[PDB]
């Protein structure tokens, strides 16, 4: 509760829905005196963290965070941040976990972890391309993608990798709506037969969907206890990863 902590708390009130805040609104949101808020915001301004907007005593974020964000990206890339998340989730669920990222117009699994617990596991290879309609990861990404991107993906004929793969675009749109609503996607043998997957979307600093964090398990191990333990563990790990990359969830995502 020191002066450095107080100043940095003021920055937390800025979000994509509130990019400019006036001195009076900052005073009301923070609970601090106007003079305290003014003094602290002046100190943040001299450091280039905040700046006064031309019209009235309003503040917006400053340009000196840009250099620091570039160094943070260099220090911890998304796949480096995923290593601990994937390791911990694999240990908690006893199943294979993987992070897939949007690489242009496709979704590619780029990092994974195996659990120590079971000898029979869902095996992966990095740079494996996942379908948008046949994987939980793909459905999680599609559900938070632009309507035009979803339209493009569903206009193109949908390949049936397995006899269980969803080929009906109306059925995929129905599933998308359920994932949008609950913030979690499930898929049983749409990419690989006898694999039950759970996935949550990963959002970047700009609130756009980056990819998905998933738990791949054999159908034979999808017990009532696992069906109820995997979703809270995966949701928590997804939010933890989003935090390690400075991501922000869109309003349409339930928390």
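Positions refer to the first chain, counted from 1.
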Mean temperature factor over C-alpha atoms, higher-scoring stretch between 156 to 164 and 137 to 145 | 156 to 164
Looking only at C-alpha temperature factors in the entry, 75 to 83 or 124 to 132, the higher average sits in 124 to 132
Which of 70, 32, 202, 193 ranks first by CA B-factor in the deposited coordinates | 193
For residue 210, the third of its chain by CA B-factor is the lowest
Would you mind ranking residue 116 by its C-alpha B-factor against the rest of the chain and naming the third, lowest, middle or highest?
-> middle
Taking the C-alpha B-factors as the PDB entry records them, is residue 60 in the lowest, middle or highest third of its chain?
-> lowest
In terms of its chain's C-alpha B-factors, the third that includes residue 218 is the lowest
Within-chain third of residue 7 by Cα B-factor, per the entry | lowest
